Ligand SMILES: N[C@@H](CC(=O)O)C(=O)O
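The form solved without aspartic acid is given below as one chain in structure tokens.
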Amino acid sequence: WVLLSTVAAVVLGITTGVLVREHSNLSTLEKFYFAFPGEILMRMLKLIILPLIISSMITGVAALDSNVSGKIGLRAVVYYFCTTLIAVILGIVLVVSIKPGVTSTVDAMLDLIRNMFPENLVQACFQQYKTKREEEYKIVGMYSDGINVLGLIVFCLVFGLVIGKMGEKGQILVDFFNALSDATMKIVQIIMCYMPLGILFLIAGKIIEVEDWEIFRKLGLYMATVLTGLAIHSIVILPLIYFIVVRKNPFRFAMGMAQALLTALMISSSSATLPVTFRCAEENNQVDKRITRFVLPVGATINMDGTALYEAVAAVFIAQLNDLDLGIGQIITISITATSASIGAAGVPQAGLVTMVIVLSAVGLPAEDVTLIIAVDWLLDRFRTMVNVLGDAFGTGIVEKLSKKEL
């Protein structure tokens, strides 16, 4: 029903926006009140990211440690991280070149590392460190507003690793954050019940304010940029990696999971396609059952290459829409956020919209601009899963080839 309601809200939002903007003249103040129901939605989304990031990173990282207990385990995880990072890098390259939403470097790099190690954990929830060069030059820093997503992610990564390996002593902390992540995901579900009504007034608000329909062109280019990046990563990146590691032909292997890919276009939930994905791995291809039953279940929630490439493109698109040139340090900041979003937002379909707010909040971009992304998300939702299961495809073959001795 989430897809049905989101499309209805987008359709109803456009109808309301065009009719309101043509059958009534609203003041700048009256346009602000008309978007209040959607403004309330946006501050709900920002309200939940802090518990979502902390609970999901600690539970996800601690879960990964338990899941992997051998040389086979680490190779699968290493592969997953590599593909997800590559997907993000490919997306970032396209936007700067394609430039859909258009018309110091040393200090920014150090600011990145400084923000990964915040001087206060409580302030990292609502403040970020920013340096400036002044004067024959001195560097002076200040704590501007904006949640420090990098600092929270890094600490929760270190904490999750320490808590996982503490054994029975840290079990109370694992249980505490396991329940916290479960509770926070139920709150995210409650927010997604209000999302259709909030999105209705946010799409309508964007329609009313804009006097030129050229935003449709920009949004169309963004749709192409994500589609171009998703296509390249599926036929020009993922196969060669399979080629390089697995000397066999990649398109023979990729052609072998038409059933899983087709099922990924019907249910649009990689977890729901697991039964088909297993059958393809054992029946059409030759991958030992023991390797597949480890790699694929983990990849169903860790390996999300389609989503990672989509979020990275969208975040830079929003920056260009606002004409805020993305400093390179910010460009990297989107890379770790998107990669860590695989467990940083619990890797749950409900948290698909929440991640963009996290990515936008990391780089201090208007979160309200995510409405244009949500307008066409449902068009790209089916295909993002296609790459996600596709990445889980080449992992089974790659990991088995590398870890053949262990099997």
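Whichever C-alpha set is largest while still superposing within 1.5 Å between the two forms counts as the rigid core. The first residue of the shown sequence is 1; numbering continues from there.
- Coordinates are lacking for 10 or more deposited residues between residue 103 and residue 104.
Below, we turn to the form deposited with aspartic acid bound, even though it does not appear here.
- Contact annotation for residue 396: none of its heavy atoms lies within 4.5 Å of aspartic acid in the deposited complex.
- Contact check for residue 366: no non-hydrogen atom falls within 4.5 Å of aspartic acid in the deposited complex.
- Contact check for residue 268: a heavy atom falls within 4.5 Å of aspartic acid in the deposited complex.
- Taking the partner from elsewhere, residue 352 is found to have a heavy atom lying within 4.5 Å of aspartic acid in the deposited complex.
- Note on contacts: among 357, 373, 346, 35, the single residue with a heavy atom within 4.5 Å of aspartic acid in the deposited complex is 346.
- With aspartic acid left out of view, the stretch that reaches within 4.5 Å of it through heavy atoms in the deposited complex is, among 167-175, 304-312, 202-210, 138-146, 304-312.
- Heavy atoms closer than or equal to 4.5 Å to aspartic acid in the deposited complex belong, across 382-407, to the residues 384, 385, 388, ordered by sequence position.
- With the core held fixed, the Cα of residue 8 is displaced between the shown form and the other one by 2 Å or more.
- Once both forms are fitted on their rigid core, the CA atom of residue 166 lies 2 Å or more apart between the shown form and the other one.
- Once both forms are fitted on their core, a CA shift of 2 Å or more is seen for residue 123 between the shown form and the other one.
- Compared with the form shown here, the Cα atoms of residue 334 and residue 178 move at least 3 Å farther apart in the deposited complex.
- Look at residue 291 and residue 69: in the deposited complex their Cα atoms come 3 Å or more closer than in this form.
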